[PDB]
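So this first bit is one chain, no partners, the form deposited in one PDB entry, shown in structure tokens.
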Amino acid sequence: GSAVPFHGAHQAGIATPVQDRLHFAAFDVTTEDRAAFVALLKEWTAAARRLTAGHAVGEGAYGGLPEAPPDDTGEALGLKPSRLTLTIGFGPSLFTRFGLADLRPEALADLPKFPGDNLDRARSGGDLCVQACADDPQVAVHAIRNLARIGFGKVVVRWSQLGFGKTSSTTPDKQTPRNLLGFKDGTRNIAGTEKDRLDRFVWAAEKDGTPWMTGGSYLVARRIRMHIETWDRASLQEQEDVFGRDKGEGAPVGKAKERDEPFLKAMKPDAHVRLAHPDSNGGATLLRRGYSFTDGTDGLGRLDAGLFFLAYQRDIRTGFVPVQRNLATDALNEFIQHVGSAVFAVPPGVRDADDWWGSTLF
């Protein structure tokens, strides 16, 4: 129920312990006025400080002028902060506006086409994003709703994704959650306590070439549909061979315990863990922070199921891209399809009460 501090050198919602729920929204910008956009970032920052402490935005949800709409939509009244974090990112397309073209980071790379991609353009891209994570879904929806309302006339929602449950871990001392394939997902991640690994693999450094991004990170989002009919008729051995870990304990093949270190040569050559492991990718390491989704039925008699994959890294070119390229032969590809994609530059943190989202850029 507690609040996660909002201010810091880094934005919260990355290294932070992974909360139970996600509401992710991508927005397109509809104003050409730089000053108006800056004003929105400041207003959004002010709102975020209230929301993340469990307070209503503006002058509140009620008790104002009867003839005016309330400043806060009211559906989070009486709720705790619920570990809400709000993380903003800027997409490549943003840099075509406001005279920003020369400030686009080289590390904000467009992704290549990957074999098997079937990307829906409507649910891909975006000028900016807000990742809202919280333990209470109502708290997360309220946050995104109120930001969108404040932004009316300057930004529009392009696409959104709700995640009903986490499939990631930044806290190895707590139970690793399972994805909808039934396997633990998050065992070998980066922990929020691993400051050296965060500095090496997640946070942008000044020397990386883009000073305004120092202390920020880069985010890849992939919406991945799972072929659960196909998966559910596979044998136990086939499922375990796909990953290289057993299903019950999630230990590497041959070993007893989840957190025993993988011995890669015992896995099949196309096993997901073997292909994705840093040692298979010149050391490339990611912070994975995704969530599961189900968006109804597929109209063919089955549940829709997927995983909204989020990865944070210091450079897209040295993080997601090499690892995904190495998954071209993954045995898991038989059971998944990537159907949405976006990348974002996640700026540094809001340092104090006078700072604002995007201040280093603008």
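Residues that one form lacks are left out of the comparison. Think of the rigid core as the biggest set of C-alphas that the two forms share within 1.5 Å after superposition. For every residue, the number given is its place in the sequence shown, counted from 1.
Higher-B stretch (mean Cα B-factor, as the entry records it), 25-33 or 331-339: According to the entry, 25-33 carries the higher average C-alpha B-factor.
Segment of higher mean CA temperature factor, 60-68 or 291-299: That would be 60-68.
Selection by C-alpha B-factor (highest) of 244, 186, 78, 165: Comparing C-alpha B-factors across 244, 186, 78, 165, the top value belongs to 78.
Candidate residues 232, 135, 260, 196, the one whose C-alpha B factor the record puts highest: Out of 232, 135, 260, 196, the record gives the largest C-alpha B-factor to 196.
Where the record places residue 207 (Cα B-factor, split into thirds across the chain): It belongs to the highest third of the chain when residues are ordered by C-alpha B-factor.
Within-chain third of residue 313 by Cα B-factor, per the entry: Lowest third - that is where residue 313 ends up once the chain's C-alpha B-factors are sorted.
CA B-factor placement of residue 39, once the chain's modelled residues are sorted into thirds: Highest third - that is where residue 39 ends up once the chain's C-alpha B-factors are sorted.
Chain-wide C-alpha B factor ranking for residue 123, given as lowest, middle or highest third: Highest third.
Within-chain third of residue 130 by Cα B-factor, per the entry: For residue 130, whose C-alpha B-factor we compare with every modelled residue in the chain, the answer is the lowest third.
There is another form of the same protein, the form deposited in another entry; it is not shown, and what comes next is about it.
2 Å-or-more CA mover between the shown form and the other one, where superposition uses the core and the choices are 137, 250, 172, 215: One residue passes the 2 Å cut-off, namely 172.
Cα separation of residue 341 and residue 172 in the other form versus here, shift of 3 Å or more: So the answer is farther.
Change in CA distance between residue 167 and residue 135 in the other form, which is 3 Å or more, as closer or farther: Compared with the form shown here, the C-alpha atoms of residue 135 and residue 167 sit closer together in the other form, by 3 Å or more.
Segments displaced between the shown form and the other one (3 or more residues, each Cα shift of 2 Å or more, core-superposed): Only one moving run appears between the shown form and the other one, namely 164-173.
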